[PDB]
Amino acid sequence: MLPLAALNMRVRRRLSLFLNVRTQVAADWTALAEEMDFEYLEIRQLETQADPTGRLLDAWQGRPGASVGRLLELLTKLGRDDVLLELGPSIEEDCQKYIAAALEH
Amino acid sequence: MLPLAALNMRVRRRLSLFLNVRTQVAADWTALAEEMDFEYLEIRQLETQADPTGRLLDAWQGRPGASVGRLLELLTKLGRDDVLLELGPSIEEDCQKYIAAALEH
Amino acid sequence: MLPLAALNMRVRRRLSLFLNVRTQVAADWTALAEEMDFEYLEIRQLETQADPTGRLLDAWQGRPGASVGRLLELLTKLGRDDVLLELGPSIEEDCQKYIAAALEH
Amino acid sequence: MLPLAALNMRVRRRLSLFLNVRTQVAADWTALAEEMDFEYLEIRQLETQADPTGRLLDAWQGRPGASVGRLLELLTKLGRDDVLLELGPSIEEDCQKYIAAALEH
Amino acid sequence: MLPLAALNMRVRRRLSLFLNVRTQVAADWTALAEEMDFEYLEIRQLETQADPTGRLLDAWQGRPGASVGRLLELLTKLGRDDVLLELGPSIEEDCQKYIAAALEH
Amino acid sequence: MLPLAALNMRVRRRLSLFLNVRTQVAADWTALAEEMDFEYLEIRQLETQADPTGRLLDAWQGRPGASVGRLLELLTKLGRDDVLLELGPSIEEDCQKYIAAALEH
Amino acid sequence: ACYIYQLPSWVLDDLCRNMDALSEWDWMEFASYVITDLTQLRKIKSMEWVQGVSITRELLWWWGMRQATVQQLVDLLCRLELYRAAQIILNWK
Amino acid sequence: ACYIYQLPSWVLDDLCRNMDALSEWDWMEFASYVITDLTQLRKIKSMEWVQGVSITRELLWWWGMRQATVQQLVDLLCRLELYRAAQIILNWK
Amino acid sequence: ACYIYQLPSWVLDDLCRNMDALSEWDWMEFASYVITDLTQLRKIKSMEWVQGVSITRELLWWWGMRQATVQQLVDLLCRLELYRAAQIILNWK
Amino acid sequence: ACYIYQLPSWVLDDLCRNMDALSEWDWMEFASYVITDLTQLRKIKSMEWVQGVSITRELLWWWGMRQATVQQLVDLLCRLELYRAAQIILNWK
Amino acid sequence: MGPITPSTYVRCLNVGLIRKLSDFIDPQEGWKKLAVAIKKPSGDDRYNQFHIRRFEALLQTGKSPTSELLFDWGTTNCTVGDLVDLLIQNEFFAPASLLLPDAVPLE
Amino acid sequence: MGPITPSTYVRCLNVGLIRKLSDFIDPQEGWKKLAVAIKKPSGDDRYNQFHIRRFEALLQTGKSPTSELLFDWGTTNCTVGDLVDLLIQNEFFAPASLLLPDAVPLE
Amino acid sequence: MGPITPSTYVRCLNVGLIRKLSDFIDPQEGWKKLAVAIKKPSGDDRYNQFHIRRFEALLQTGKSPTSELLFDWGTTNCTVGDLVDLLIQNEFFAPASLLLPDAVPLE
Amino acid sequence: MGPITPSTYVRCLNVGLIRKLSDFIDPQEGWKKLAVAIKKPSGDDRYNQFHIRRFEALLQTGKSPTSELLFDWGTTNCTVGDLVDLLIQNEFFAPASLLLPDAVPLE
């Protein structure tokens, strides 16, 4: 299905707020970035500019798996059920807005 | 209301000084860009040519809903009253340099 | 009255020196940031780059209440009477300098 | 004295090397920028195109008080003797590339 | 031997996320930059753009020492044995695609 | 003599891991900081970034006393005879690389 | 006042001067009398022989945690014949 | 379970209630019996008199680092007559 | 073995069971005979009446600090008629 | 010298060898004679039975906090017949 | 939000208040007693001997590990109920009273 | 600044000297006795049972809680006077003498 | 990569797993024991009295100095072998078992 | 470095070994006796009544004040000699033997 380009700012922002704050036992963006098959080396030169969740996305889009779906089944495999509930609607929305348009032809 | 062209130099710059102070927590030109129905990669582009609030209001100035009416009711939604209590005078004055000079000349 | 844009570097710096150092019982920037109606999650993703009092301002200007006055009456409800006395003149000054200019028309 | 244009490449570079090491405790390009009467958001902009010292001396080079006389007595105020004991030679030499070549050619 | 211009993107990228990441005993790019005879402020006003290692190569290219074996002998001298191993091959390679090619005349 | 800009990375690093380490009788950076005439707050909002000794040097460089022998004579004066010994040579050296060079004109 | 943990810190100070340094017995049977048990008091006693930390501070704040009034501290400072202490926490009422 | 360091933290809690506050002798002969030595135990002892840190916590976790089983903890809670403890770590098996 | 402080901690434990709790005199004149002095033993005796700390532990370790062998402990466990103790430190040799 | 708290740390060392371990009585009546009171010395006595901390250290430094000279330490080392101590603090004058 | 109720979300809690019921749970290793009381749905310990050690290390940094754990177990929504019902059930009545003065019995 | 007087600001105090009259108030819970002695204008305790606890916990980090409190009560301007006048009145004559050898009587 | 063996490279190790064998070496100054165990080929100490204090500093920032050291001594290739060979030889059997359950004897 | 000699520098000492000759000086206030034995060239006490107290308070943090003092007096170069010559002279023969088995007599 549809790639990351699907969802933007607003959501890429709220998604930052949640995965950017490093945590002790729950999964932060690093635990994610790893689940998107990034190297111990690539990950550090991420933890560098602020909004790494956001850079992480930009960086995992021009790659393989990068589905919006992948991003979601990943978020749940990683039990961040908080992010899901709260961004749930806002993502399904940003999709019925890509598929929505990107159609006249 | 009327095409964006109405707005002179002054404000198209102040409008930019304000909306492109990028802040990941509150509402910047991106959170606007996405309210003017721009796609992700579309913003990632604007995120280049510095002064992107301007360049946003350009790649928009000529589009479907693109009016000053919209830009105003759009900053009203995002609640950037910062700018509405500041450009509000210069703008209801810049509508009557294109209104009070477009039934004669 | 006048927005945050009114006051800059110099003062925004001195303001930082005071509220950036976290304290036990007196109010530090967080206590403020909260007083400026920010969420537990937004606040954390602030405590992240240096100068978050300065970031806190940039992020509370493109929002509602953002007055210079609100900033002050807040500082005083928060009893940081130290920051008041010492930045007092420096603020009144940076306003007699915005209002001062931003007038020839 | 004379328009900023006088200053060759060399110095407008070293000038930048020195004034845009950002230090939130002492005196950087911003603390200068503010002594050249730039507004807040005006600086937040400069804070973008890297080498903002330069870009500051551009957005200034043509303005009311903007001269080399000023830039010098402005560095003198800030007390950035750092740079006065270092570009002082190259600059009273760069005044005589514009002076000793502007009564003939 | 030949100039940096030889080795392009592919390795400049890898090369980067080794030395862009700051170490306590090892050599980060800063250690390297030092070796390629770079002033203090020069290094700091380079610790800015993300990917300074690239921005290091780029600055020390149209410069004296500018060799590739030059950089190569440095890396081995700074005790970065790790880079010249996951990278060594890929460079004696980007040296071929330049030696064989651009030599059809 | 010359400004700190003279001595770079190599020693700033060593120098750091001497005075970064807080001691009970000896002089940690804070002792030094004090002597380079820094206010209370200034010191504390400096006790933040890792490597404050560096962040100290760079704050006290675009500043008055800013010499190298000045810091040198300070260290001697604060009874840190250990530093000017595993470092002394390394500094009258990074003063040469700057005297000889940057003086080809 | 109202709750133990709402005692002004000097009031608690003067009152952790009593019970604290106050007869390994005269105290121990105040503690055992605080609705506690064998095992718990073993912890809260250990705390005594560490860098000056009011064993009654700890006992008091830990009875704080359990929603203890102040009328209950008063009560059991008489029903235990340790008036010497409540003398201070009536200089408050 | 299986290794010391694989004990659920309450079970280790209840068992750091025993050995911890339990006779400077009844403990120290369990420690000395954990295959350790004179100098090591001097460290692991110091830790007691610092902001509540289970001396058995640190003794047990440090036997953890050493690939200690759990059947060796129970073993040595009998062969040392400290049943009072193992009584809890059999409430898991 | 070799030095006092190289005694395995149980061996020193069994040995701090003797001299420790062992006749305020049968002890005191082994101490006094450790090459010590009036002032010094004042300290090392005070330690006894604090949270179970082998006064022989500290007398032993302190002889450790001064490079005492182990053949000098055995020596002075006979030349003092306290065989009761060295009987364990020969179960090692 | 000048003030109590300006005594060089070994001088106070050798002087906290005295008063410290020195007759529960021959000390206690020096302390009670430091212009103190019943309640206060209850604290400063408790401290003795904690990991070696000179009760005179603490009594001395606390007299320090109250601007005590050193001629008042010597004075009350004679007017209390404890010359045994002042004999060290005259090896300084 | 404002009207805290046993239906609201923990991770939605004012950053002022947190640093406040931090002072209850924070001292006397109070939060350790809470950390092990937090259990996944399976029943298994949420945080284990190793996780707990992580938190303990945040004292050398000066961080309310009541908070650092509060936030962190916030990433599974857990109702402010689950918090008190776990506060009460573990005898932390003073803090749970601050949350919701509902189920806070009296000795 | 340099000539410290009963009119200057506490929060204005050299960070060298603070780490110094820290050594006076810091040991023997000296600062606890000062903490509770600091009272707002109302009369009510400035720091309460809970605040105090906070400071206590800064020993695990190795921070002069004399300072941490001193800085922190500096955010109310309180003159260096208010400090000795509160130092003397609480019997801390030795540190009070360090500040200003004026009002420091002799037993 | 996936099949971790005594021939692979340290600095090639998954960032999930390091934050995990972090928790072995990390507490009780466990890494301090490792740091000085790390020796150059010459024989001389790799990190010395000063280097080590640098790492210690990274607790005020909240950083696994097991990691910050791990990565950092990764810039000399050292095999995952050299790791356990130095883990075992220093009695850190629990972590070295997680690496490679080969040479991890049983008390 | 490797061949420890009465000419090398204290602050140059492996951080493994310090935490080792720590265990000698550390217990029984052993370092107190050391601290006061450390004297500047003038003759006056190096650390005074006040400094000493500072170190004492690093027991609440769990740090070898042997070390924190050792490192700290390292900032005056003092030879490993200066150390034993002050170890022997104060009767700390067992640690001074670990340094250099030269001048370590036999009761």
# chains A, B, ... in the order shown; residues from 1 in each chain; ligands from 1
>>> residues_around(residues="residue 60 of chain A", least_positions_apart="3", cutoff="9 Å", atoms="only C-alpha atoms", output="tab-separated table (two decimals) with C-alpha atoms, in the first residue's frame")
chain	number	residue	atom	x	y	z
A	4	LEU	CA	5.20	7.41	3.81
A	33	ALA	CA	14.52	2.88	13.79
A	36	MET	CA	12.99	-0.52	10.41
A	38	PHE	CA	18.83	0.57	10.45
A	55	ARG	CA	14.24	12.38	10.05
A	56	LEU	CA	13.93	8.67	10.65
A	57	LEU	CA	10.80	8.74	8.44
A	63	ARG	CA	13.90	2.50	1.21
A	64	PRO	CA	12.15	-0.93	1.01
A	65	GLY	CA	9.33	-1.87	3.44
A	66	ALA	CA	8.34	1.80	3.91
>>> select_by_dssp(residues="chain L", states="alpha helix (DSSP H)", output="PyMOL selection string")
chain L and resi 15-25+30-35+49-56+65-72+80-88+93-99
>>> atom_distance(atom1="atom CA of residue 76 of chain N", atom2="atom CA of residue 82 of chain F")
5.5 Å
>>> interface_residues(of="chain L", to="chain K", cutoff="7 Å", atoms="only C-alpha atoms", output="PyMOL selection string")
chain L and resi 50+60-61
>>> closest_atom_pairs(of="chain K", to="chain C", cutoff="12 Å", atoms="only C-alpha atoms", output="CSV")
residue,atom,partner,partner_atom,distance
K:1,CA,C:39,CA,9.3
K:2,CA,C:37,CA,11.8
K:9,CA,C:40,CA,12.0
K:10,CA,C:40,CA,10.6
K:11,CA,C:40,CA,7.9
K:12,CA,C:40,CA,6.8
K:13,CA,C:40,CA,6.5
K:14,CA,C:40,CA,5.5
K:15,CA,C:40,CA,4.9
K:16,CA,C:31,CA,6.7
K:17,CA,C:40,CA,9.9
K:18,CA,C:40,CA,9.1
K:19,CA,C:24,CA,10.1
K:20,CA,C:25,CA,10.9
K:23,CA,C:24,CA,11.4
K:62,CA,C:22,CA,10.5
K:63,CA,C:22,CA,11.1
K:64,CA,C:24,CA,11.7
K:67,CA,C:40,CA,11.2
K:68,CA,C:44,CA,11.2
K:70,CA,C:40,CA,11.9
K:71,CA,C:41,CA,9.4
K:72,CA,C:41,CA,11.9
K:74,CA,C:41,CA,11.1
K:75,CA,C:41,CA,11.8
>>> interface_residues(of="chain I", to="chain N", cutoff="8 Å", atoms="only C-alpha atoms", output="PyMOL selection string")
chain I and resi 64-67
>>> write_last_selection(atoms="C-alpha atoms", output="mmCIF file, in the first residue's frame")
data_model
loop_
_atom_site.group_PDB
_atom_site.id
_atom_site.type_symbol
_atom_site.label_atom_id
_atom_site.label_comp_id
_atom_site.auth_asym_id
_atom_site.auth_seq_id
_atom_site.Cartn_x
_atom_site.Cartn_y
_atom_site.Cartn_z
ATOM 1 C CA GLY I 64 47.011 -7.049 57.641
ATOM 2 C CA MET I 65 47.665 -3.416 56.737
ATOM 3 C CA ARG I 66 51.118 -3.830 58.330
ATOM 4 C CA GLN I 67 52.250 -6.793 56.221
#
>>> residues_around(residues="residue 8 of chain G", least_positions_apart="4", cutoff="7 Å", atoms="only C-alpha atoms", output="mmCIF file with N, CA and C atoms, in the first residue's frame")
data_model
loop_
_atom_site.group_PDB
_atom_site.id
_atom_site.type_symbol
_atom_site.label_atom_id
_atom_site.label_comp_id
_atom_site.auth_asym_id
_atom_site.auth_seq_id
_atom_site.Cartn_x
_atom_site.Cartn_y
_atom_site.Cartn_z
ATOM 1 N N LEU G 12 8.207 19.434 63.117
ATOM 2 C CA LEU G 12 8.561 18.058 62.907
ATOM 3 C C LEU G 12 9.987 17.885 63.381
ATOM 4 N N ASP L 45 6.038 29.026 56.900
ATOM 5 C CA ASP L 45 7.242 28.328 56.445
ATOM 6 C C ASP L 45 7.469 28.577 54.956
ATOM 7 N N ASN L 48 8.518 23.561 52.928
ATOM 8 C CA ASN L 48 7.780 22.653 53.801
ATOM 9 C C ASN L 48 8.308 21.226 53.778
ATOM 10 N N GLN L 49 7.807 20.414 54.708
ATOM 11 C CA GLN L 49 8.204 19.020 54.871
ATOM 12 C C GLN L 49 8.687 18.384 53.587
#
>>> calpha_fit_rmsd(fixed="chain A", moving="chain B")
1.0 Å
>>> residues_around(residues="residue 68 of chain F", least_positions_apart="2", cutoff="10 Å", atoms="only C-alpha atoms", output="VMD selection string")
chain F and resid 1 to 7 57 61 65 to 66 70 to 74 91 to 92 95
>>> write_last_selection(atoms="N, CA and C atoms", output="PDB file, in the first residue's frame")
ATOM      1  N   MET F   1      49.236  37.751  24.622  1.00  0.00           N
ATOM      2  CA  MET F   1      49.689  37.311  23.307  1.00  0.00           C
ATOM      3  C   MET F   1      48.520  37.221  22.306  1.00  0.00           C
ATOM      4  N   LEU F   2      48.351  36.028  21.740  1.00  0.00           N
ATOM      5  CA  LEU F   2      47.323  35.708  20.750  1.00  0.00           C
ATOM      6  C   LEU F   2      46.071  35.141  21.413  1.00  0.00           C
ATOM      7  N   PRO F   3      44.975  35.008  20.645  1.00  0.00           N
ATOM      8  CA  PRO F   3      43.684  34.593  21.192  1.00  0.00           C
ATOM      9  C   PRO F   3      43.583  33.095  21.219  1.00  0.00           C
ATOM     10  N   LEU F   4      42.589  32.591  21.937  1.00  0.00           N
ATOM     11  CA  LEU F   4      42.493  31.156  22.111  1.00  0.00           C
ATOM     12  C   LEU F   4      42.413  30.487  20.742  1.00  0.00           C
ATOM     13  N   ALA F   5      41.874  31.235  19.773  1.00  0.00           N
ATOM     14  CA  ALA F   5      41.651  30.747  18.405  1.00  0.00           C
ATOM     15  C   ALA F   5      42.890  30.032  17.914  1.00  0.00           C
ATOM     16  N   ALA F   6      43.997  30.333  18.585  1.00  0.00           N
ATOM     17  CA  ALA F   6      45.285  29.756  18.292  1.00  0.00           C
ATOM     18  C   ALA F   6      45.263  28.269  18.578  1.00  0.00           C
ATOM     19  N   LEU F   7      44.994  27.929  19.830  1.00  0.00           N
ATOM     20  CA  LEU F   7      45.009  26.534  20.243  1.00  0.00           C
ATOM     21  C   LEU F   7      43.703  25.909  19.879  1.00  0.00           C
ATOM     22  N   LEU F  57      36.226  28.371  27.487  1.00  0.00           N
ATOM     23  CA  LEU F  57      37.176  29.003  26.620  1.00  0.00           C
ATOM     24  C   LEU F  57      36.430  29.801  25.549  1.00  0.00           C
ATOM     25  N   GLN F  61      36.451  34.239  24.977  1.00  0.00           N
ATOM     26  CA  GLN F  61      37.415  34.512  23.943  1.00  0.00           C
ATOM     27  C   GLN F  61      37.106  35.790  23.198  1.00  0.00           C
ATOM     28  N   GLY F  65      40.143  40.051  28.574  1.00  0.00           N
ATOM     29  CA  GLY F  65      41.400  39.375  28.878  1.00  0.00           C
ATOM     30  C   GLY F  65      41.893  38.368  27.849  1.00  0.00           C
ATOM     31  N   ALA F  66      40.961  37.872  27.043  1.00  0.00           N
ATOM     32  CA  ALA F  66      41.219  36.823  26.071  1.00  0.00           C
ATOM     33  C   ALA F  66      42.625  36.853  25.517  1.00  0.00           C
ATOM     34  N   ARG F  70      47.268  34.440  28.885  1.00  0.00           N
ATOM     35  CA  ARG F  70      46.427  34.908  29.963  1.00  0.00           C
ATOM     36  C   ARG F  70      45.825  33.715  30.684  1.00  0.00           C
ATOM     37  N   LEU F  71      45.251  32.794  29.920  1.00  0.00           N
ATOM     38  CA  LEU F  71      44.734  31.560  30.496  1.00  0.00           C
ATOM     39  C   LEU F  71      45.890  30.802  31.118  1.00  0.00           C
ATOM     40  N   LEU F  72      47.002  30.799  30.403  1.00  0.00           N
ATOM     41  CA  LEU F  72      48.209  30.117  30.824  1.00  0.00           C
ATOM     42  C   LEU F  72      48.662  30.557  32.204  1.00  0.00           C
ATOM     43  N   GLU F  73      48.693  31.868  32.413  1.00  0.00           N
ATOM     44  CA  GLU F  73      49.211  32.399  33.657  1.00  0.00           C
ATOM     45  C   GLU F  73      48.196  32.150  34.756  1.00  0.00           C
ATOM     46  N   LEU F  74      46.930  32.050  34.359  1.00  0.00           N
ATOM     47  CA  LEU F  74      45.856  31.704  35.276  1.00  0.00           C
ATOM     48  C   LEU F  74      46.023  30.303  35.836  1.00  0.00           C
ATOM     49  N   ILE F  91      51.053  23.461  23.626  1.00  0.00           N
ATOM     50  CA  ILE F  91      50.427  24.773  23.449  1.00  0.00           C
ATOM     51  C   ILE F  91      51.399  25.797  22.824  1.00  0.00           C
ATOM     52  N   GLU F  92      52.623  25.913  23.339  1.00  0.00           N
ATOM     53  CA  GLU F  92      53.586  26.787  22.668  1.00  0.00           C
ATOM     54  C   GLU F  92      53.882  26.229  21.279  1.00  0.00           C
ATOM     55  N   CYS F  95      50.652  27.436  19.074  1.00  0.00           N
ATOM     56  CA  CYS F  95      50.845  28.873  18.956  1.00  0.00           C
ATOM     57  C   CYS F  95      51.796  29.156  17.807  1.00  0.00           C
TER      58      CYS F  95
END
